[PDB]
Each structure stands twice: as C-alpha cells, then as structure tokens.
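K.L.:
return atomic coordinates for the entry below.
(2 chains)
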Amino acid sequence: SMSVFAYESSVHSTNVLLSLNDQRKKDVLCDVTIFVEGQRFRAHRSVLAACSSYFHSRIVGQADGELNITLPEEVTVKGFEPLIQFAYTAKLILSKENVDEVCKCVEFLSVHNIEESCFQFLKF
Amino acid sequence: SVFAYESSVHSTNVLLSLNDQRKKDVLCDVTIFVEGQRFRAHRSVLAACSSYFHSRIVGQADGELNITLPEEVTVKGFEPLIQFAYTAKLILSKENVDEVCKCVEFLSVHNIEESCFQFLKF
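P.N.:
Numbering: from 1, shown residues only, chains lettered A, B, ... in the order given. See the structure here:
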C-alpha cells in the first residue's frame, strides 16, 4: 500500500563478475591463494565457495586473514585453469588437450559432472 | 575449442550466493556502519560497485575492515543500494526515494534525478 518503482538491471550481475575477474587477474582484493601443482592462483573465498562444494568445505569457518588451500595431485593446472576461468566469466572452453583433465576436475571439485555431455559428440 | 559452454545464469547465481552470505554474515570481510547500524559485506563487491567504497578499500590491511559512513548517508537511503548491489534490483518508494537518490550520488559515479520520481509521493 505504498507506491513503489522497481528497476531490475539485466547487466548488473555480469558487471560485478567482470569486476571480480579483473580483481582476480590483477591480484587485488583477493583473499585466498590456491596451490595447484604448487603453482599459485589467487581468488576470493566467497566466490570459490559459491562455485564449488569442495572449496566451500575448506573455506567455512577459517581464520579471517589470507587463506591458503592446496589441491592434491589429482588436480592439474591443465584441468583447473579452465574452471577458475569459468567461475569468474561464465564461459568454459575445452580443448582436445585439456578436455579429460577438466572433466576430472569438475567431478573432483563440484557437484556437477560433464563427461556424459561431452560423450554425446564422440561419433561425429 | 572442441567444446564451449556459455551460461546465461551463472553470474546471477554467484551474486545470489554472495547475497546469501551477506545476509547470513558468513564469508564477509568488511563491516559498514550507517547511522551506527551494522551492515556486513564483501569488500570486493563494494569496490566493484562504488567509487566511494573503492577508495576506502584498496590498500587496506588484509584482516577485517571497518568503514563508518558519515551522517549524510541514512539507512533509508543506503539499504536499498546495498540490496541492489547484491541482487540487481533497486526498489524506490515514497518514503525512501529522496534519500536513495542522495546516497547514489554520494557513494557512486551514477546519478538518479529525484525530480523524476516525485509521483511516488502522490
């Protein structure tokens, strides 16, 4: 019973994610370092938790300062890098060289599994 | 690119999760005091959305950050904007329109002309 005028922006969530990706790439305002085959990746724990049940479990209730997470040897840079890029851009690209590793990393880090999707194109 | 997937919902889903964290006060890293009332957020999101906050966030220490907004900023005007930041929806009302318009200017590079919404007061 109060008059209201509401705006829903179709660009805002995309624009926030673009800004979070720029922070990640330029290593500013991030708060977690992920070690993958010993190589350093920077991210925001809030975004990793939103995007991966594996990371969420390693992030709940941790200390307030910089956090370090080491992923085990099952996770390669080849399979992980396309996925952190999907988390921050909404776009996932798989190459002939990395498709197997990425599929393995999706299953390892998330509740999803893309093997059966990729399998549908095996014959043509 | 043997396979390429583009998700039209992913950015919305990440923002939904950030909003849930904000409201439940988990995985946040900045407190904002507005008329003394406590709000929680992620400095990364505030810096992405507000030039005022960005200037008060970059280069600060890694631990918890605390920002006190001055008396110019009212809860009435600020709360609809933090809600827009975290949800992409801005609700203007008869009661809040002038204050929200003032806080937009105060906090960001944008402007909303209050004169264009005075019909909310009819």
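K.L.:
where do the helices of chain A begin and end?
P.N.:
Using DSSP state H, the helices assigned to chain A run over residues A:12-26, A:45-51, A:53-59, A:77-89, A:99-109, A:115-119.
K.L.:
deepest of these, which one?
P.N.:
Per-stretch averages of neighbours, counted by mean count of other Cβ atoms under 10 Å in any protein chain shown, single out helix A:45-51 among those, with a mean of 23. Heads up, the C-betas are built off the backbone N, CA and C, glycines and all.
K.L.:
got a list of contacts for it?
P.N.:
Helix A:45-51 has contacts (Cβ atoms under 8 Å, 6 or more residues apart in numbering or on different chains) with A:20, A:31-32, A:34, A:55-56, A:59-60, A:62, A:67, A:87-88, A:110, B:13-14, B:17-18, B:21, B:27-28, B:42, B:44.
K.L.:
right, and residue A:80 touches residue A:72 too?
P.N.:
No. With contact defined as Cβ atoms under 8 Å, residue A:80 does not reach residue A:72; the gap is 11.5 Å.
K.L.:
mind listing what residue A:59 touches?
P.N.:
Contacts of residue A:59 were listed using Cβ under 8 Å, 6+ apart, and they are A:32, A:45, A:48, A:49, A:67, A:69, B:27.
K.L.:
hmm, which two among those residues are most spread apart?
P.N.:
A:69 and B:27 (13.9 Å; Cβ to Cβ).
K.L.:
count of neighbours near residue A:31?
P.N.:
Neighbour count for residue A:31, taken as other Cβ atoms under 10 Å in any protein chain shown: 22.
K.L.:
please apply the same query to the one 4 residues further on.
P.N.:
Residue A:35 has 13 neighbouring residues, counting by other Cβ under 10 Å.
K.L.:
identify the bridge partners of it.
P.N.:
residue A:40, residue A:70 (DSSP bridges).
K.L.:
my guess is it contacts residue A:73. True?
P.N.:
No. With contact defined as Cβ under 8 Å, residue A:35 does not reach residue A:73; the gap is 11.3 Å.
K.L.:
and residue A:65, how far is that from chain B?
P.N.:
Counting by Cβ to the nearest Cβ, to the nearest Å, the gap from residue A:65 to chain B is 5 Å.
K.L.:
residues touching that residue, list them.
P.N.:
Counting by Cβ under 8 Å, 6+ apart, residue A:65 touches B:62, B:63.
K.L.:
confirm for me that residue A:30 is in contact with residue A:42.
P.N.:
Yes. Using Cβ under 8 Å, residue A:30 is in contact with residue A:42, at 4.3 Å.
K.L.:
quick one: contacts for the residue nearest to residue A:71 when sequence neighbours are not counted?
P.N.:
In this structure, residue A:71 finds its nearest non-sequential neighbour in residue A:36, 5.1 Å apart by Cβ to Cβ, 6 or more residues apart in numbering or on different chains. Going by Cβ under 8 Å, 6+ apart, residue A:36 touches A:71, A:75, A:76, A:77, A:80.
K.L.:
now flag whichever of the residues you listed is closest to chain B.
P.N.:
Relative to chain B, the closest of those is residue A:80; by Cβ to the nearest Cβ it sits at 16.5 Å.
K.L.:
contact partners for that closest one?
P.N.:
Counting by Cβ under 8 Å, 6+ apart, residue A:80 touches A:34, A:36, A:41, A:71, A:105, A:109.
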